[PDB]
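Just the one chain here, laid out as structure tokens, in the form deposited in one PDB entry.
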């Protein structure tokens, strides 16, 4: 059924709220290319033994080839092959510690179409493993236009959820989280308080009747969730609250006690894991997803990086229990 149910069931199976961010940059892909040479393509060889590699949509034949053969006979496909295999490696190494994976669209678009094929294969692979997914694309537009993102994200990729910037207004959510024609409902996290250094400029400095913009925005997002009856349908509108934004995390959790929060900003952005999880804590802890991207994906051994975040999260979750 809904994302609410998928998250709950996965939390029951793995007992964490780690969200692993999969945001590969050019340097990471090139590094993977290089390491794999030095290592006799060990990680790619592992990827090929996994069963679900056989269920991805795009250029499967290419993906199943030996690296040595790709490099000589399918050179034009080398970037595709190593990019896709980088993502498969990270997933295969870390999925056992992940409540959910968040892929930031920005990392999949800058080479043109090739990265979108990779992104589709990444979502196919996670769907097959039944791991909850988030597309972080911060979508926003008028209703007629945004329906195309609903199609891309929820029908093409079959994502469970996405991120949305509702500064234009909340009506867009009607065309992102709801498909009237098909009677389908989808989940989204709206930007509330972000991690960038100048985030106060509009999110805090603007207000409406003694409340900061971020509170107004959170409240209006939940009002739209209500109008749509999302939770009735096991889907939700939640909040992106920065892991370096303790006061706001604390406020949001206090005043919206049962909201779903997605919290990026730990690791590469120096956010604080203990404070973030303590301030956003909920006993149904799928309601406080702690996103870790670069601190895992730019680590020579991502499994060990994932494991340590998993263990620390779990030790903090017990403290708060």
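In this text, the rigid core denotes the largest set of C-alpha atoms whose superposition between the two forms falls within 1.5 Å. Positions refer to the first chain, counted from 1. Only residues modelled in both forms are compared.
Visitor: I need to verify one thing: averaged over C-alpha atoms only, is the B-factor higher for 284-292 or for 267-275?
Guide: On average, C-alpha B-factors are higher across 267-275.
Visitor: Averaging the C-alpha B factors as listed in the entry, name the stretch that ends up higher: 147-155 or 84-92.
Guide: For C-alpha atoms only, the mean B-factor is higher in 84-92.
Visitor: Per the entry, which of 174, 138, 75, 182 tops the list for Cα B factor?
Guide: Of the options given, 182 has the highest CA B-factor in the PDB entry.
Visitor: Which third, lowest, middle or highest, does the CA B-factor of residue 120 fall in along this chain?
Guide: Tercile = lowest for this residue's CA B-factor.
Visitor: Sorting the chain's CA B-factors, does residue 66 end up in the lowest, middle or highest third?
Guide: According to the entry, residue 66 has a C-alpha B-factor in the chain's highest third.
Visitor: How does the C-alpha B factor of residue 160 compare with the rest of the chain: lowest, middle or highest third?
Guide: It falls in the bottom third of the chain.
Visitor: Determine, from the deposited record, the chain-internal third of the Cα B-factor for residue 203: lowest, middle or highest.
Guide: Answer is lowest: the recorded C-alpha B-factor places it there.
Visitor: State the tercile, meaning the lowest, middle or highest third, of residue 178 with respect to the CA B-factors recorded for its chain.
Guide: Middle third of the chain for residue 178's C-alpha B-factor.
What follows is about the form deposited in another entry, which we do not show.
Visitor: Looking between this form and the one not shown after fitting on the rigid core, I'd like to know which of 199, 250, 148, 95 has a C-alpha displacement of 2 Å or more.
Guide: Per the superposition, the moving residue is 199.
Visitor: Would the C-alpha of residue 71 be classed as shifted by 2 Å or more between this form and the one not shown after rigid-core alignment?
Guide: Residue 71 C-alpha, core-superposed: shift of less than 2 Å.
Visitor: Relative to the superposed rigid core, does residue 211 relocate between this form and the one not shown - that is, does its Cα move 2 Å or more?
Guide: Residue 211 C-alpha, core-superposed: shift of 2 Å or more.
Visitor: Knowing the Cα distance between residue 250 and residue 196 changes 3 Å or more in the other entry, does it shrink or grow relative to here?
Guide: Those two alpha carbons end up closer in the other entry.
Visitor: A 3 angstroms or greater change in CA distance between residue 203 and residue 291 is reported in the other entry. Closer or farther than in this form?
Guide: It is farther: in the other entry, the C-alpha atoms of residue 203 and residue 291 lie at least 3 Å more apart than they do here.
Visitor: As a test: superpose on the rigid core, then list the runs of at least 3 residues whose Cα atoms all move 2 angstroms or more between this form and the one not shown.
Guide: Run with every C-alpha shifted by at least 2 Å: 193-212, nothing else.
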